[PDB]
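Here is the structure we will look at.
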There are 2 protein chains.
Amino acid sequence: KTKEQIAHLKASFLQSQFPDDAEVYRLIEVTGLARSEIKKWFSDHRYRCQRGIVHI
Amino acid sequence: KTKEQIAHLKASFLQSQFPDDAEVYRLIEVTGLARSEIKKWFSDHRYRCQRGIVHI
């Protein structure tokens, strides 16, 4: 697989790890968590997800 | 943090790791990879992601 097509797969795979603020709002109203609470969670899970992908 | 809250965050985070076949269509026409080749890549990267999240 070329670097290009791998770039497209990651882009697509990672979309929902960077929620837009409509999605963050949606999360606030279903979770009751603070915006920054939600943000910290996502950032942390991205870090762990990527460390999973890189190690394997 | 409750199990309910974590469920909403997880459901959101994992969204784009299960591309619907409009998304996969978009990937075919942007990567030239087969439907099955795209599915195997995602599944593999779902596994690596979750192991990262589970073990870190």
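Nothing in this text is a laboratory measurement; each read-out follows from the coordinates by a stated rule. All Cβ positions, even for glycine, are placed from backbone atoms using ideal geometry, and neighbour counts span all protein chains on display.
Taking neighbour counts of Cβ atoms within 10 Å as a proxy for exposure, in what order, fewest first, do B:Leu27, B:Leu33 appear?
B:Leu33, B:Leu27
To the nearest whole percent, what portion of all C-alpha pairs in chain A is separated by more than 13 angstrom?
That tail contains 67 percent of the Cα-Cα pairs.
What does the net charge come to around A:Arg26 if you take all other residues with beta carbon closer than 13 Å to its beta carbon, with K and R at +1 and D and E at -1?
With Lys, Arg at +1 and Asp, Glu at -1, the neighbours total -3.
Give the cross-link partners of B:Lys39 among the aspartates and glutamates, using a straight C-alpha distance below 16 Å as the criterion and excluding same-chain residues fewer than 8 apart.
Within the straight-line cut-off, B:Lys39 pairs with B:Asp20, B:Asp21, B:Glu23, B:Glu29.
Roughly how tilted is helix B:21-31, in degrees to the nearest 10 and between 0 and 90, from the longest Cα axis of chain B?
60 degrees
Positive end of the charge dipole of chain B (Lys, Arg +1 and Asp, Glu -1 on Cβ, about the Cα centre): tell me which of B:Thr2, B:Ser16, B:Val30 has its Cα farthest that way.
B:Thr2
Can you pick out the pairs among A:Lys10/A:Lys40; A:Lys40/B:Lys40; A:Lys3/B:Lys40 whose Cα atoms lie more than 28 Å from each other?
Working: A:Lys10/A:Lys40 21 Å; A:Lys40/B:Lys40 30 Å; A:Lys3/B:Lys40 17 Å.
Over 28 Å apart, Cα to Cα: A:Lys40/B:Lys40.
Any chance you could list the semi-axes, whole Å, largest first, of the equivalent ellipsoid that the Cα gyration tensor gives for the protein assembly as shown, using √(5λ)?
Gyration-tensor ellipsoid for the protein assembly as shown: 27, 16, 11 Å.
Can you give me the angle between helix A:3-14 and the longest principal axis of chain A, using Cα atoms only, in degrees from 0 to 90, rounded to the nearest 10?
The angle comes out at about 20 degrees.
In whole Hz, what ³J(HN,Hα) sequence does region B:45-56 give by Karplus (6.51, -1.76, 1.60; θ = phi - 60°), x for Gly and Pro?
In residue order, the calculated couplings are 7, 5, 4, 4, 4, 4, 5, x, 4, 6, 9, 10 Hz.
Within chain A, which trypsin sites (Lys or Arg not before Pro) sit in a loop by DSSP and count at most 16 neighbouring Cβ atoms inside 10 Å? Please list the in-between numbers first.
Details: sites: A:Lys1, A:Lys3, A:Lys10, A:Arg26, A:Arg35, A:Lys39, A:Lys40, A:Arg46, A:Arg48, A:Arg51; in loops: A:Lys1.
When the trypsin sites (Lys or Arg not before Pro) of chain A are filtered for loop state and at most 16 Cβ neighbours within 10 Å, A:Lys1 remain.
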